[PDB]
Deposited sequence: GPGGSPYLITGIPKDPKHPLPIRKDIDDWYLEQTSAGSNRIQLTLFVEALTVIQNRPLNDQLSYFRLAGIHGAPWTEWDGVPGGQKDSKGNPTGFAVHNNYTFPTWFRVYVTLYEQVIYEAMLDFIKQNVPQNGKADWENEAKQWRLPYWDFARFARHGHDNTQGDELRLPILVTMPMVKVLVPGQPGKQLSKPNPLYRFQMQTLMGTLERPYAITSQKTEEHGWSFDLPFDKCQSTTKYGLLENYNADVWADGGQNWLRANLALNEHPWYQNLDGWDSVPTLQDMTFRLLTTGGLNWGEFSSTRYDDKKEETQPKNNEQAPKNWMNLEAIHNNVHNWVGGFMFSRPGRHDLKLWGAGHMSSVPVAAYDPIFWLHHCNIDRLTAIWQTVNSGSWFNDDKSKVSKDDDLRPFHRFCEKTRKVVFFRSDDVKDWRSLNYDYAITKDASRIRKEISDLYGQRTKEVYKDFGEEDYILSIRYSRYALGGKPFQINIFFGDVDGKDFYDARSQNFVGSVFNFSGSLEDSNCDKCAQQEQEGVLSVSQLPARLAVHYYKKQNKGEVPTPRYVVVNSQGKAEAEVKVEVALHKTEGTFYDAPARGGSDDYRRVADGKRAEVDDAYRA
């Protein structure tokens, strides 16, 4: 680390005046504001502007996750793969430490900002705010203040901040949560940091900004299509856009199921890794879909289209997702979901034969000082079982089942209530390597598939998607409402789930194996699943075949 010593990750140091401060919902935090906003903007701006040799630079911190796969804090890189854990049971705990690192670095930069900028009269007051600040989370599954949305702050190119010593003075500055921008294309950074979808041709992170058939200089900064991201985040079955039907965002239904379903062991909950389908709704699968929906992954689509609903961006891409500032807010909420699930599943910690094996893994590259052995070591999962050992908390884990229902279950229950006491789910199992490491999206349909439109909620008969953000991998989709609509159109027949595997060119991959099945139970989930139909690959138009 800096100074040639390991960087010890502690979380923000304990101050008895500041007992377990909470990580707040970033929309709530923003709306209530403004010293903490100022501190966060100014500190993160400094961190983003730090040199590439500075290991606490935003680029280097993002770089721990994936590309450009260099060392960090003396820990060799070049494994290509990054330090991040994906498709394994230490997914939640590796990221718990990662998110704490980011938060700690920000806090330390806040302290430096105060020392260099804040007059004597205000220093204790600014330090108090730095000490009470924690990294906000993005609640991707909560309705914004009828729909899910990206954080308000993320959709603002500029932000007004205080100017210490100039009371009332405010200045509008570039918002470091809107994008991460470098001084040149990331493909041309000094060795060994070059990033080399045309991500090499990006200077800034983008959401849905990268499309084929535009000048390559447009990719330098493809912009933040936050409206398109919001639309994706609100994915739901296609039939729900017809008159006479109510919609439910699939992401909120999934998250409510995740938090409320009992009986999963840690290995089931923690990861997509697969080595009963009812238990395949897992944290990592939901997190993977959100990555897709925020960033976009399709660069192109075959044929002629005036309205272009595709476009790719950093959040969909494992190697470069960590550069988008929303990455950290996303992972802060994944940490929060982990803490919530831990709270209502108190005994289920690396408790199954498969995850037990990974419990003791070093969470490289993150260092801590072991007090018992007097050695600098790597974090291990047990070190962060209690997130409060890192000196943060969440309001929801301060005391939880009613909160979960209030935040994530109202609309699902409101709409499910209109239909019979049955549940349906879709099980999805695939290999993350079926396209040679390349990402892909699995779309499921009930009924005939439009051979030129097999993509999203506007696609005829669309039920839902599973994103391969990249042993097998599993996910699960709600299917109850989509089955009801199908049955009403088909004399009560159970639909055959039809699936298309879509690549980044918007083309259907015919040799990617996906095991899809529909399962039914009597009774609603939020109050015995049997398989009722086997999936089948759908064919698409010849011009849309990979």
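- Coordinate coverage of the deposited sequence is interrupted at 34-39, 86-91, 158-165, 217-228, 308-320, 445-447, 519-536, 594-601, where no C-alpha atom was modelled.
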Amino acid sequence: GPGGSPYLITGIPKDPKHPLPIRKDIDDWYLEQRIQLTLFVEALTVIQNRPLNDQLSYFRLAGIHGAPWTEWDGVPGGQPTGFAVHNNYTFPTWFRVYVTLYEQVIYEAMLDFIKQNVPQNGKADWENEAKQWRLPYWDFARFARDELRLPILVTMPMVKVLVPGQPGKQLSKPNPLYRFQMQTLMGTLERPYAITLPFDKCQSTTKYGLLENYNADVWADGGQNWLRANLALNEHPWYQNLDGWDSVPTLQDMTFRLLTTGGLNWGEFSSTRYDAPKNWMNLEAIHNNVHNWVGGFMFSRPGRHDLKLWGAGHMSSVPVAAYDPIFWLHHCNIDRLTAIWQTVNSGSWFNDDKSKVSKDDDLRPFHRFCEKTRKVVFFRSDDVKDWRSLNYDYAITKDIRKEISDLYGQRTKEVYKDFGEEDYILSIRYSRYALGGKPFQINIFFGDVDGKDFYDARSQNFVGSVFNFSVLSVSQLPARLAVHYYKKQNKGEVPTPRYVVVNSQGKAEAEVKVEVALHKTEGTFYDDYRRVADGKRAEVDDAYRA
From here on, numbers count along this sequence of modelled residues.
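- Once the C-alpha B-factors are averaged per stretch, 312-320 and 261-269 rank with 261-269 first.
- According to the PDB record, 414-422 carries the higher mean C-alpha B-factor of the two stretches 219-227 and 414-422.
- Taking the deposited Cα B-factors for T521, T45, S57, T70, the highest one is held by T521.
- Taking the PDB entry at face value, the top CA B factor among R145, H331, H86, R380 belongs to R145.
- For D528, the recorded CA temperature factor ranks within the highest third of the chain's modelled residues.
- Per-chain ranking of the deposited C-alpha B factor places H65 in the lowest third.
- Residue-level temperature factors show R458 in the middle third of its chain, judged at the C-alpha atom.
- The deposited CA B-factor of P76 belongs to the middle third of values across its chain.
- When the CA B factors of the chain's modelled residues are split into thirds, the value for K536 lands in the middle one.
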